[PDB]
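What follows is protein04.pdb (PDB, C-alpha atoms and all ligand atoms).
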```pdb
ATOM      1  CA  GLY A   1      45.053  89.807 109.911
ATOM      2  CA  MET A   2      47.841  87.249 109.444
ATOM      3  CA  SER A   3      47.234  83.501 109.762
ATOM      4  CA  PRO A   4      47.262  82.019 113.349
ATOM      5  CA  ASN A   5      50.703  80.361 113.190
ATOM      6  CA  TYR A   6      52.431  83.091 111.228
ATOM      7  CA  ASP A   7      56.035  83.636 112.310
ATOM      8  CA  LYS A   8      58.019  86.228 110.403
ATOM      9  CA  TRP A   9      61.362  84.434 110.816
ATOM     10  CA  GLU A  10      60.214  80.904 109.896
ATOM     11  CA  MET A  11      60.505  79.404 106.414
ATOM     12  CA  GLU A  12      59.984  76.009 104.785
ATOM     13  CA  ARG A  13      63.061  73.822 104.428
ATOM     14  CA  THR A  14      61.934  73.126 100.867
ATOM     15  CA  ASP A  15      62.707  76.751 100.067
ATOM     16  CA  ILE A  16      66.394  75.974 100.660
ATOM     17  CA  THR A  17      68.796  73.951  98.497
ATOM     18  CA  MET A  18      71.478  72.352 100.685
ATOM     19  CA  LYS A  19      74.915  71.994  99.126
ATOM     20  CA  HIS A  20      78.427  71.281 100.459
ATOM     21  CA  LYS A  21      79.618  71.448 104.053
ATOM     22  CA  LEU A  22      81.555  74.564 105.040
ATOM     23  CA  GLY A  23      84.526  75.018 107.359
ATOM     24  CA  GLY A  24      85.845  71.480 107.034
ATOM     25  CA  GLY A  25      83.824  70.404 110.048
ATOM     26  CA  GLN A  26      85.524  73.070 112.158
ATOM     27  CA  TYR A  27      82.283  74.994 112.641
ATOM     28  CA  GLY A  28      79.858  72.133 113.201
ATOM     29  CA  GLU A  29      77.074  71.207 110.803
ATOM     30  CA  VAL A  30      77.134  74.218 108.491
ATOM     31  CA  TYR A  31      76.511  74.076 104.756
ATOM     32  CA  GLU A  32      76.403  76.417 101.812
ATOM     33  CA  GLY A  33      72.862  76.612 100.513
ATOM     34  CA  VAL A  34      70.592  78.535  98.190
ATOM     35  CA  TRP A  35      67.354  80.350  98.959
ATOM     36  CA  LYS A  36      65.696  79.364  95.649
ATOM     37  CA  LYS A  37      63.071  82.126  95.655
ATOM     38  CA  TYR A  38      65.847  84.682  95.255
ATOM     39  CA  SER A  39      68.543  82.419  93.775
ATOM     40  CA  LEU A  40      70.486  83.587  96.809
ATOM     41  CA  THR A  41      73.533  81.833  98.227
ATOM     42  CA  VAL A  42      73.199  81.480 102.009
ATOM     43  CA  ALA A  43      74.929  79.768 104.921
ATOM     44  CA  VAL A  44      72.914  77.116 106.741
ATOM     45  CA  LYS A  45      73.750  75.853 110.221
ATOM     46  CA  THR A  46      71.890  72.746 111.288
ATOM     47  CA  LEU A  47      71.537  70.387 114.221
ATOM     48  CA  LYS A  48      72.113  66.633 114.112
ATOM     49  CA  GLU A  49      69.203  64.426 115.134
ATOM     50  CA  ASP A  50      69.547  63.077 118.710
ATOM     51  CA  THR A  51      71.819  65.900 119.938
ATOM     52  CA  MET A  52      71.886  67.114 123.532
ATOM     53  CA  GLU A  53      72.518  70.682 122.366
ATOM     54  CA  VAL A  54      69.098  71.645 120.997
ATOM     55  CA  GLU A  55      68.631  74.265 123.697
ATOM     56  CA  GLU A  56      71.918  75.909 122.745
ATOM     57  CA  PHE A  57      70.825  75.971 119.100
ATOM     58  CA  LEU A  58      67.463  77.626 119.806
ATOM     59  CA  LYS A  59      69.148  80.224 122.016
ATOM     60  CA  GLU A  60      71.638  81.089 119.276
ATOM     61  CA  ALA A  61      68.743  81.511 116.840
ATOM     62  CA  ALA A  62      66.847  83.687 119.326
ATOM     63  CA  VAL A  63      69.738  86.075 119.914
ATOM     64  CA  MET A  64      70.212  86.636 116.180
ATOM     65  CA  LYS A  65      66.638  87.889 115.797
ATOM     66  CA  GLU A  66      67.569  90.663 118.273
ATOM     67  CA  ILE A  67      70.643  92.211 116.660
ATOM     68  CA  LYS A  68      71.068  94.085 113.411
ATOM     69  CA  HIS A  69      74.160  95.933 112.225
ATOM     70  CA  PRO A  70      76.130  96.291 108.948
ATOM     71  CA  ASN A  71      79.059  94.480 110.557
ATOM     72  CA  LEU A  72      77.147  91.652 112.254
ATOM     73  CA  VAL A  73      76.309  88.721 109.982
ATOM     74  CA  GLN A  74      72.571  88.895 109.287
ATOM     75  CA  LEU A  75      70.056  86.188 110.158
ATOM     76  CA  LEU A  76      67.757  85.687 107.155
ATOM     77  CA  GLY A  77      65.512  83.011 108.589
ATOM     78  CA  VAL A  78      65.124  79.839 110.617
ATOM     79  CA  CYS A  79      63.436  76.421 110.518
ATOM     80  CA  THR A  80      62.867  75.639 114.173
ATOM     81  CA  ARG A  81      59.325  74.243 114.372
ATOM     82  CA  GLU A  82      60.171  70.542 113.831
ATOM     83  CA  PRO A  83      63.074  68.002 113.451
ATOM     84  CA  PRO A  84      65.928  69.275 111.258
ATOM     85  CA  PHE A  85      66.516  72.757 112.694
ATOM     86  CA  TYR A  86      68.119  75.377 110.417
ATOM     87  CA  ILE A  87      69.616  78.812 110.997
ATOM     88  CA  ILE A  88      69.918  80.713 107.702
ATOM     89  CA  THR A  89      72.226  83.706 107.336
ATOM     90  CA  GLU A  90      73.633  85.886 104.557
ATOM     91  CA  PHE A  91      76.598  84.336 102.776
ATOM     92  CA  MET A  92      80.077  85.808 103.232
ATOM     93  CA  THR A  93      81.990  84.723 100.135
ATOM     94  CA  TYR A  94      85.534  84.617 101.554
ATOM     95  CA  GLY A  95      84.940  82.683 104.767
ATOM     96  CA  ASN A  96      86.378  83.189 108.239
ATOM     97  CA  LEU A  97      88.900  85.961 108.820
ATOM     98  CA  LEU A  98      91.647  83.796 110.325
ATOM     99  CA  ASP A  99      92.081  81.685 107.182
ATOM    100  CA  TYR A 100      91.541  84.737 105.003
ATOM    101  CA  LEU A 101      94.536  86.372 106.686
ATOM    102  CA  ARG A 102      96.638  83.199 106.450
ATOM    103  CA  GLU A 103      96.112  82.879 102.677
ATOM    104  CA  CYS A 104      95.819  86.497 101.528
ATOM    105  CA  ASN A 105      97.843  88.494  99.024
ATOM    106  CA  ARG A 106      99.544  91.070 101.234
ATOM    107  CA  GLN A 107      99.795  93.442  98.276
ATOM    108  CA  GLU A 108      96.006  93.582  98.455
ATOM    109  CA  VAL A 109      95.498  93.106 102.200
ATOM    110  CA  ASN A 110      97.919  95.861 103.196
ATOM    111  CA  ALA A 111      98.295  98.218 106.150
ATOM    112  CA  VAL A 112      95.171 100.139 105.179
ATOM    113  CA  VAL A 113      93.037  96.998 104.868
ATOM    114  CA  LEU A 114      94.140  95.736 108.291
ATOM    115  CA  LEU A 115      92.983  98.999 109.895
ATOM    116  CA  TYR A 116      89.763  98.763 107.883
ATOM    117  CA  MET A 117      89.088  95.292 109.315
ATOM    118  CA  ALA A 118      89.641  96.432 112.911
ATOM    119  CA  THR A 119      87.491  99.509 112.300
ATOM    120  CA  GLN A 120      84.576  97.381 111.031
ATOM    121  CA  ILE A 121      84.823  94.969 113.940
ATOM    122  CA  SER A 122      85.050  97.700 116.590
ATOM    123  CA  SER A 123      82.017  99.268 114.928
ATOM    124  CA  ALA A 124      79.954  96.122 115.487
ATOM    125  CA  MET A 125      81.179  95.844 119.065
ATOM    126  CA  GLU A 126      80.305  99.469 119.771
ATOM    127  CA  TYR A 127      76.803  98.557 118.631
ATOM    128  CA  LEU A 128      76.657  95.536 120.952
ATOM    129  CA  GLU A 129      78.220  97.573 123.749
ATOM    130  CA  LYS A 130      75.442 100.169 123.537
ATOM    131  CA  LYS A 131      72.809  97.404 123.325
ATOM    132  CA  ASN A 132      74.375  96.081 126.538
ATOM    133  CA  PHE A 133      75.075  92.727 124.872
ATOM    134  CA  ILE A 134      78.241  90.644 125.238
ATOM    135  CA  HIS A 135      79.581  88.429 122.445
ATOM    136  CA  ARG A 136      81.796  86.187 124.589
ATOM    137  CA  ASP A 137      83.724  84.630 121.732
ATOM    138  CA  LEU A 138      85.542  87.344 119.817
ATOM    139  CA  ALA A 139      88.333  85.838 117.735
ATOM    140  CA  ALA A 140      89.393  86.124 114.090
ATOM    141  CA  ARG A 141      88.053  82.621 113.490
ATOM    142  CA  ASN A 142      84.626  84.005 114.427
ATOM    143  CA  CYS A 143      84.651  86.873 111.928
ATOM    144  CA  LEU A 144      83.729  86.558 108.249
ATOM    145  CA  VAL A 145      84.953  88.215 105.067
ATOM    146  CA  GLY A 146      82.878  89.340 102.091
ATOM    147  CA  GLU A 147      83.623  91.299  98.902
ATOM    148  CA  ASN A 148      85.883  94.369  99.119
ATOM    149  CA  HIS A 149      87.295  93.380 102.515
ATOM    150  CA  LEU A 150      83.861  93.653 104.121
ATOM    151  CA  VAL A 151      84.101  92.196 107.618
ATOM    152  CA  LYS A 152      81.306  90.991 109.884
ATOM    153  CA  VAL A 153      81.350  89.429 113.342
ATOM    154  CA  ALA A 154      79.575  86.091 113.652
ATOM    155  CA  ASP A 155      78.939  83.054 115.845
ATOM    156  CA  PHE A 156      76.722  84.347 118.622
ATOM    157  CA  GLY A 157      76.301  81.015 120.360
ATOM    158  CA  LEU A 158      77.433  82.589 123.645
ATOM    159  CA  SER A 159      76.172  86.128 123.014
ATOM    160  CA  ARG A 160      74.135  87.417 125.921
ATOM    161  CA  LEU A 161      71.891  90.405 126.606
ATOM    162  CA  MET A 162      73.097  91.483 130.043
ATOM    163  CA  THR A 163      70.733  92.429 132.856
ATOM    164  CA  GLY A 164      73.489  93.375 135.247
ATOM    165  CA  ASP A 165      77.023  94.632 134.769
ATOM    166  CA  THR A 166      78.581  91.176 134.633
ATOM    167  CA  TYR A 167      77.686  87.618 133.657
ATOM    168  CA  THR A 168      78.936  84.540 135.476
ATOM    169  CA  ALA A 169      79.303  81.510 133.241
ATOM    170  CA  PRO A 170      78.290  78.182 134.847
ATOM    171  CA  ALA A 171      80.977  76.458 136.901
ATOM    172  CA  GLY A 172      82.790  73.807 134.884
ATOM    173  CA  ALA A 173      82.410  75.713 131.612
ATOM    174  CA  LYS A 174      85.635  75.868 129.591
ATOM    175  CA  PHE A 175      86.870  78.794 127.493
ATOM    176  CA  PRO A 176      89.503  79.593 124.788
ATOM    177  CA  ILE A 177      92.354  80.424 127.164
ATOM    178  CA  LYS A 178      94.319  82.669 124.760
ATOM    179  CA  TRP A 179      91.392  85.047 124.097
ATOM    180  CA  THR A 180      89.981  84.979 127.627
ATOM    181  CA  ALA A 181      90.435  87.836 130.107
ATOM    182  CA  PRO A 182      91.971  86.980 133.544
ATOM    183  CA  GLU A 183      88.806  87.688 135.550
ATOM    184  CA  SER A 184      86.963  85.303 133.245
ATOM    185  CA  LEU A 185      89.564  82.551 133.511
ATOM    186  CA  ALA A 186      89.768  82.941 137.289
ATOM    187  CA  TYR A 187      86.171  83.659 138.302
ATOM    188  CA  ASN A 188      84.090  82.958 135.178
ATOM    189  CA  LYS A 189      83.150  86.652 135.125
ATOM    190  CA  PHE A 190      82.336  88.173 131.744
ATOM    191  CA  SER A 191      81.403  91.687 130.681
ATOM    192  CA  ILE A 192      81.760  94.032 127.745
ATOM    193  CA  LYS A 193      85.220  94.602 129.213
ATOM    194  CA  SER A 194      86.130  90.935 128.740
ATOM    195  CA  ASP A 195      85.061  91.320 125.081
ATOM    196  CA  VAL A 196      87.447  94.294 124.920
ATOM    197  CA  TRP A 197      90.308  92.127 126.144
ATOM    198  CA  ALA A 198      89.382  89.571 123.473
ATOM    199  CA  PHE A 199      89.305  92.329 120.860
ATOM    200  CA  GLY A 200      92.876  93.100 121.829
ATOM    201  CA  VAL A 201      93.872  89.533 121.049
ATOM    202  CA  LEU A 202      91.972  89.759 117.753
ATOM    203  CA  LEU A 203      93.915  92.923 116.836
ATOM    204  CA  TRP A 204      97.072  90.891 117.391
ATOM    205  CA  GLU A 205      95.841  88.119 115.049
ATOM    206  CA  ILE A 206      95.146  90.745 112.393
ATOM    207  CA  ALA A 207      98.549  92.411 112.868
ATOM    208  CA  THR A 208     100.332  89.065 112.463
ATOM    209  CA  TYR A 209      98.196  87.904 109.539
ATOM    210  CA  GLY A 210      96.769  85.051 111.595
ATOM    211  CA  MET A 211      99.526  83.771 113.873
ATOM    212  CA  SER A 212      98.344  81.794 116.909
ATOM    213  CA  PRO A 213      98.501  83.928 120.105
ATOM    214  CA  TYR A 214     101.219  83.514 122.759
ATOM    215  CA  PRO A 215     103.734  81.721 120.442
ATOM    216  CA  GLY A 216     105.205  78.594 122.027
ATOM    217  CA  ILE A 217     103.839  79.457 125.479
ATOM    218  CA  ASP A 218     102.070  76.620 127.301
ATOM    219  CA  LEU A 219      98.354  77.184 127.940
ATOM    220  CA  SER A 220      98.820  76.200 131.587
ATOM    221  CA  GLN A 221     101.277  79.072 132.047
ATOM    222  CA  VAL A 222      99.251  81.818 130.347
ATOM    223  CA  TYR A 223      97.388  82.998 133.449
ATOM    224  CA  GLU A 224     100.528  83.075 135.604
ATOM    225  CA  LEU A 225     102.338  85.073 132.925
ATOM    226  CA  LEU A 226      99.560  87.641 132.580
ATOM    227  CA  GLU A 227      99.458  88.059 136.357
ATOM    228  CA  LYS A 228     103.183  88.938 136.309
ATOM    229  CA  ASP A 229     102.268  91.613 133.740
ATOM    230  CA  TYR A 230     103.566  89.743 130.705
ATOM    231  CA  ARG A 231     101.786  90.607 127.439
ATOM    232  CA  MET A 232     102.441  89.629 123.815
ATOM    233  CA  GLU A 233     105.038  91.820 122.130
ATOM    234  CA  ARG A 234     104.375  94.351 119.378
ATOM    235  CA  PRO A 235     104.137  92.505 116.020
ATOM    236  CA  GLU A 236     106.779  93.465 113.478
ATOM    237  CA  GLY A 237     105.332  96.251 111.342
ATOM    238  CA  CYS A 238     102.493  96.985 113.770
ATOM    239  CA  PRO A 239     101.979 100.768 114.174
ATOM    240  CA  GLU A 240     102.809 102.046 117.654
ATOM    241  CA  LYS A 241      99.370 103.601 118.121
ATOM    242  CA  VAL A 242      97.722 100.249 117.411
ATOM    243  CA  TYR A 243      99.963  98.374 119.849
ATOM    244  CA  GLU A 244      99.162 100.988 122.508
ATOM    245  CA  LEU A 245      95.445 100.370 122.012
ATOM    246  CA  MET A 246      96.233  96.661 122.183
ATOM    247  CA  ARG A 247      98.002  97.108 125.505
ATOM    248  CA  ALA A 248      95.069  99.143 126.793
ATOM    249  CA  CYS A 249      92.738  96.251 125.948
ATOM    250  CA  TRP A 250      94.909  94.016 128.135
ATOM    251  CA  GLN A 251      94.796  96.113 131.311
ATOM    252  CA  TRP A 252      94.471  93.638 134.210
ATOM    253  CA  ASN A 253      91.535  95.528 135.717
ATOM    254  CA  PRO A 254      88.510  95.484 133.399
ATOM    255  CA  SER A 255      87.571  99.024 134.451
ATOM    256  CA  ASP A 256      90.922 100.298 133.092
ATOM    257  CA  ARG A 257      90.227  98.959 129.587
ATOM    258  CA  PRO A 258      88.783 101.386 127.002
ATOM    259  CA  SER A 259      85.219 101.268 125.718
ATOM    260  CA  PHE A 260      84.459 100.065 122.207
ATOM    261  CA  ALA A 261      83.135 103.551 121.416
ATOM    262  CA  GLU A 262      86.619 104.867 122.197
ATOM    263  CA  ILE A 263      88.305 102.032 120.306
ATOM    264  CA  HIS A 264      86.118 102.572 117.239
ATOM    265  CA  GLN A 265      86.815 106.319 117.247
ATOM    266  CA  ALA A 266      90.538 105.620 117.361
ATOM    267  CA  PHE A 267      90.506 103.178 114.440
ATOM    268  CA  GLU A 268      88.108 105.318 112.428
ATOM    269  CA  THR A 269      90.638 108.141 112.663
ATOM    270  CA  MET A 270      93.571 105.866 111.834
ATOM    271  CA  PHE A 271      91.770 104.241 108.928
ATOM    272  CA  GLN A 272      90.796 107.586 107.396
ATOM    273  CA  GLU A 273      94.301 109.060 107.583
ATOM    274  CA  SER A 274      95.921 105.848 106.356
ATOM    275  CA  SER A 275      93.403 105.598 103.531
ATOM    276  CA  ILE A 276      93.988 109.176 102.370
ATOM    277  CA  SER A 277      97.716 108.517 102.412
ATOM    278  CA  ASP A 278      97.263 105.402 100.279
ATOM    279  CA  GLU A 279      95.176 107.240  97.695
ATOM    280  CA  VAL A 280      97.628 110.154  97.511
ATOM    281  CA  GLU A 281     100.469 107.673  97.004
ATOM    282  CA  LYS A 282      98.591 106.141  94.049
ATOM    283  CA  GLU A 283      98.083 109.681  92.784
ATOM    284  CA  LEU A 284     101.867 109.912  92.372
ATOM    285  CA  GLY A 285     101.362 107.983  89.162
ATOM    286  CA  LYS A 286      98.257 109.339  87.418
ATOM    287  CA  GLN A 287      97.026 112.934  88.063
TER     288      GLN A 287
HETATM  289  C1  LIG A 301      77.328  82.498 108.833
HETATM  290  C2  LIG A 301      78.001  82.589 107.481
HETATM  291  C3  LIG A 301      79.114  81.895 107.015
HETATM  292  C4  LIG A 301      79.328  82.359 105.708
HETATM  293  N1  LIG A 301      80.396  81.937 104.818
HETATM  294  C5  LIG A 301      81.370  80.974 104.878
HETATM  295  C6  LIG A 301      82.194  80.777 103.722
HETATM  296  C7  LIG A 301      83.237  79.743 103.804
HETATM  297  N2  LIG A 301      84.112  79.452 102.694
HETATM  298  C8  LIG A 301      85.006  78.174 102.547
HETATM  299  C9  LIG A 301      86.373  78.343 101.877
HETATM  300  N3  LIG A 301      86.315  79.148 100.613
HETATM  301  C10 LIG A 301      87.691  79.279  99.994
HETATM  302  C11 LIG A 301      85.642  80.451 100.822
HETATM  303  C12 LIG A 301      84.216  80.366 101.460
HETATM  304  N4  LIG A 301      83.369  79.037 104.966
HETATM  305  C13 LIG A 301      82.560  79.276 105.987
HETATM  306  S1  LIG A 301      82.760  78.331 107.518
HETATM  307  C14 LIG A 301      81.528  78.823 108.631
HETATM  308  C15 LIG A 301      80.224  78.430 108.389
HETATM  309  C16 LIG A 301      79.163  78.873 109.273
HETATM  310  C17 LIG A 301      79.489  79.697 110.383
HETATM  311  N5  LIG A 301      78.423  80.138 111.239
HETATM  312  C18 LIG A 301      77.070  79.951 111.264
HETATM  313  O1  LIG A 301      76.429  79.301 110.440
HETATM  314  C19 LIG A 301      76.358  80.662 112.415
HETATM  315  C20 LIG A 301      75.600  82.033 112.212
HETATM  316  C21 LIG A 301      74.889  80.802 112.824
HETATM  317  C22 LIG A 301      80.818  80.073 110.604
HETATM  318  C23 LIG A 301      81.855  79.634 109.726
HETATM  319  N6  LIG A 301      81.599  80.189 105.961
HETATM  320  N7  LIG A 301      78.348  83.316 105.406
HETATM  321  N8  LIG A 301      77.538  83.460 106.483
END
```

As a first step, turn the structure in this file into structure tokens.
Amino acid sequence: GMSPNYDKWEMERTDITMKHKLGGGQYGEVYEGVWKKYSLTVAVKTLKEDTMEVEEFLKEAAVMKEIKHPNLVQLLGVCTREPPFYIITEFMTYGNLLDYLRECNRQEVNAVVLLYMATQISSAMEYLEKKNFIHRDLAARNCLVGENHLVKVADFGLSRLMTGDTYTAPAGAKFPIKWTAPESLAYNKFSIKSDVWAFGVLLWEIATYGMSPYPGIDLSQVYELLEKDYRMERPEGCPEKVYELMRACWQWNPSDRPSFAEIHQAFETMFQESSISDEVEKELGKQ
């Protein structure tokens, strides 16, 4: 018999040491912290006093208690009973994937590692796909990097458990044009298929080591271009099979886009073969 107000996810703020702010203010009020009890470094997202976004914060916290996967950043606890609200998650030492890609050593982050990243992400999405959840904000900036190129998807502020086949965002809502599928931009309609489209754009960010999508193109012209069947070109050095998958993710009709299960299977096979090849190449100097 547990105590009356026992809540398995709650923890006292005093258990956490708050340190420096992370993400240079780009990700809101998030700080690096330490869960003293375990001398564990953790990430802590908080909410400013006053704020008119408390509901959004609680929802984000709620969703994280519902998902668990090796490639989804893990919620460790929350402080949502009174005033300063906290969301505590495992710490990913290398930060967000976009900056990781923009500052990496390409000798280390090579062809094999890029496929490994996409394989890990598709794995997480296959999990969400089968749970019938939508992420709604897939982008390299929303993925994190740990030791040994470990990659996990994060930022579930818009993640939704779907009841139907689609989700209609409220009128007036604004979205990241470059990662947003046409049906979403035009009718605010989202589905696992719109996440697939987004995944295609994320593959492109990986392939280009973090370049911003649709180079030089004006945001106001993106939709018109897509409608005429324009799509970003194959990045220099990007394997043909990967670009094909990319193009499949950008099929105009959501029903024509592949499933994450299919995407994951494709990358798993490409990663394996590419990995083997890399190890055999190293073998050329040591047997
Ligand atoms: C969730 C999470 C985040 C992390 N790790 C990090 C690490 C990081 N770094 C800054 C730059 N150095 C060179 C490397 C480490 N910068 C950020 S910037 C950042 C901070 C927080 C969030 N997201 C949240 O707190 C969400 C999950 C509720 C996203 C990006 N996040 N581990 N776990």

Each region 70-166 of chain A residue no farther than 12 Å from region 30-33 of chain A, nearest pair in Å, all atoms listed in the file, as a Markdown table:
```
| residue | atom | partner | partner_atom | distance |
| --- | --- | --- | --- | --- |
| A:85 | CA | A:30 | CA | 11.5 |
| A:86 | CA | A:30 | CA | 9.3 |
| A:87 | CA | A:30 | CA | 9.2 |
| A:88 | CA | A:33 | CA | 8.8 |
| A:89 | CA | A:33 | CA | 9.9 |
| A:90 | CA | A:33 | CA | 10.1 |
| A:91 | CA | A:32 | CA | 8.0 |
| A:92 | CA | A:32 | CA | 10.2 |
| A:93 | CA | A:32 | CA | 10.1 |
| A:95 | CA | A:32 | CA | 11.0 |
| A:155 | CA | A:30 | CA | 11.6 |
```

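Atom to atom, atom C23 of ligand LIG 301 (chain A) and CA of residue 216 (chain A) stand 26.4 Å apart.
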
Using only C-alpha atoms and all ligand atoms, find each residue of chain A with at least one atom at most 10 Å away from an atom of ligand LIG 301 (chain A); report its shortest atom-to-atom pair and that distance in Å (one decimal), sort the rows by chain and rising residue number, and return the result as JSON lines.
```
{"residue": "A:20", "atom": "CA", "partner": "A:LIG301", "partner_atom": "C8", "distance": 9.8}
{"residue": "A:21", "atom": "CA", "partner": "A:LIG301", "partner_atom": "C15", "distance": 8.2}
{"residue": "A:22", "atom": "CA", "partner": "A:LIG301", "partner_atom": "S1", "distance": 4.7}
{"residue": "A:23", "atom": "CA", "partner": "A:LIG301", "partner_atom": "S1", "distance": 3.8}
{"residue": "A:24", "atom": "CA", "partner": "A:LIG301", "partner_atom": "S1", "distance": 7.5}
{"residue": "A:25", "atom": "CA", "partner": "A:LIG301", "partner_atom": "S1", "distance": 8.4}
{"residue": "A:26", "atom": "CA", "partner": "A:LIG301", "partner_atom": "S1", "distance": 7.5}
{"residue": "A:27", "atom": "CA", "partner": "A:LIG301", "partner_atom": "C23", "distance": 5.5}
{"residue": "A:28", "atom": "CA", "partner": "A:LIG301", "partner_atom": "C16", "distance": 7.8}
{"residue": "A:29", "atom": "CA", "partner": "A:LIG301", "partner_atom": "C16", "distance": 8.1}
{"residue": "A:30", "atom": "CA", "partner": "A:LIG301", "partner_atom": "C16", "distance": 5.1}
{"residue": "A:31", "atom": "CA", "partner": "A:LIG301", "partner_atom": "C15", "distance": 6.8}
{"residue": "A:32", "atom": "CA", "partner": "A:LIG301", "partner_atom": "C5", "distance": 7.4}
{"residue": "A:33", "atom": "CA", "partner": "A:LIG301", "partner_atom": "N7", "distance": 9.9}
{"residue": "A:41", "atom": "CA", "partner": "A:LIG301", "partner_atom": "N7", "distance": 8.8}
{"residue": "A:42", "atom": "CA", "partner": "A:LIG301", "partner_atom": "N7", "distance": 6.4}
{"residue": "A:43", "atom": "CA", "partner": "A:LIG301", "partner_atom": "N8", "distance": 4.8}
{"residue": "A:44", "atom": "CA", "partner": "A:LIG301", "partner_atom": "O1", "distance": 5.6}
{"residue": "A:45", "atom": "CA", "partner": "A:LIG301", "partner_atom": "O1", "distance": 4.4}
{"residue": "A:46", "atom": "CA", "partner": "A:LIG301", "partner_atom": "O1", "distance": 8.0}
{"residue": "A:57", "atom": "CA", "partner": "A:LIG301", "partner_atom": "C21", "distance": 8.9}
{"residue": "A:60", "atom": "CA", "partner": "A:LIG301", "partner_atom": "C21", "distance": 7.2}
{"residue": "A:61", "atom": "CA", "partner": "A:LIG301", "partner_atom": "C21", "distance": 7.4}
{"residue": "A:64", "atom": "CA", "partner": "A:LIG301", "partner_atom": "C20", "distance": 8.1}
{"residue": "A:72", "atom": "CA", "partner": "A:LIG301", "partner_atom": "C20", "distance": 9.7}
{"residue": "A:73", "atom": "CA", "partner": "A:LIG301", "partner_atom": "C1", "distance": 6.4}
{"residue": "A:74", "atom": "CA", "partner": "A:LIG301", "partner_atom": "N8", "distance": 7.9}
{"residue": "A:75", "atom": "CA", "partner": "A:LIG301", "partner_atom": "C20", "distance": 7.2}
{"residue": "A:86", "atom": "CA", "partner": "A:LIG301", "partner_atom": "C21", "distance": 9.0}
{"residue": "A:87", "atom": "CA", "partner": "A:LIG301", "partner_atom": "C21", "distance": 5.9}
{"residue": "A:88", "atom": "CA", "partner": "A:LIG301", "partner_atom": "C21", "distance": 7.1}
{"residue": "A:89", "atom": "CA", "partner": "A:LIG301", "partner_atom": "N8", "distance": 5.4}
{"residue": "A:90", "atom": "CA", "partner": "A:LIG301", "partner_atom": "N8", "distance": 5.0}
{"residue": "A:91", "atom": "CA", "partner": "A:LIG301", "partner_atom": "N7", "distance": 3.3}
{"residue": "A:92", "atom": "CA", "partner": "A:LIG301", "partner_atom": "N7", "distance": 3.7}
{"residue": "A:93", "atom": "CA", "partner": "A:LIG301", "partner_atom": "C12", "distance": 5.1}
{"residue": "A:94", "atom": "CA", "partner": "A:LIG301", "partner_atom": "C11", "distance": 4.2}
{"residue": "A:95", "atom": "CA", "partner": "A:LIG301", "partner_atom": "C6", "distance": 3.5}
{"residue": "A:96", "atom": "CA", "partner": "A:LIG301", "partner_atom": "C13", "distance": 5.9}
{"residue": "A:97", "atom": "CA", "partner": "A:LIG301", "partner_atom": "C23", "distance": 9.5}
{"residue": "A:99", "atom": "CA", "partner": "A:LIG301", "partner_atom": "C9", "distance": 8.5}
{"residue": "A:100", "atom": "CA", "partner": "A:LIG301", "partner_atom": "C10", "distance": 8.3}
{"residue": "A:103", "atom": "CA", "partner": "A:LIG301", "partner_atom": "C10", "distance": 9.5}
{"residue": "A:141", "atom": "CA", "partner": "A:LIG301", "partner_atom": "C23", "distance": 7.8}
{"residue": "A:142", "atom": "CA", "partner": "A:LIG301", "partner_atom": "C22", "distance": 6.7}
{"residue": "A:143", "atom": "CA", "partner": "A:LIG301", "partner_atom": "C22", "distance": 7.9}
{"residue": "A:144", "atom": "CA", "partner": "A:LIG301", "partner_atom": "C4", "distance": 6.6}
{"residue": "A:145", "atom": "CA", "partner": "A:LIG301", "partner_atom": "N1", "distance": 7.8}
{"residue": "A:146", "atom": "CA", "partner": "A:LIG301", "partner_atom": "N7", "distance": 8.2}
{"residue": "A:152", "atom": "CA", "partner": "A:LIG301", "partner_atom": "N8", "distance": 9.1}
{"residue": "A:153", "atom": "CA", "partner": "A:LIG301", "partner_atom": "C1", "distance": 9.2}
{"residue": "A:154", "atom": "CA", "partner": "A:LIG301", "partner_atom": "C20", "distance": 5.9}
{"residue": "A:155", "atom": "CA", "partner": "A:LIG301", "partner_atom": "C19", "distance": 4.9}
{"residue": "A:156", "atom": "CA", "partner": "A:LIG301", "partner_atom": "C20", "distance": 6.9}
{"residue": "A:157", "atom": "CA", "partner": "A:LIG301", "partner_atom": "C21", "distance": 7.7}
```

Query raised in the report: Can you list, as an MDAnalysis selection string, every protein, DNA or RNA residue that comes within 10 Å of residue 172 (chain A) when you count all atoms listed in the file, leaving out same-chain residues fewer than 3 positions away?
Result: chainID A and resid 169 175 188

Report task. Excluding residue 196 (chain A) and any residue of its chain fewer than 5 positions from it, enumerate the residues within 12 Å of it, using all atoms listed in the file, and give them as a ChimeraX atom specification. Result -> /A:121-122,125-126,128-129,134-139,179-181,190-191,201-203,245-264

Query - Proximity to residue 140 (chain A) - best of A:101, A:18, A:112, A:177, all atoms listed in the file - result: A:101

Query - Straight-line distance linking CA of residue 167 (chain A) with CA of residue 189 (chain A), stated in Å to one decimal - result: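 Going from CA of residue 167 (chain A) over to CA of residue 189 (chain A) covers 5.7 Å.
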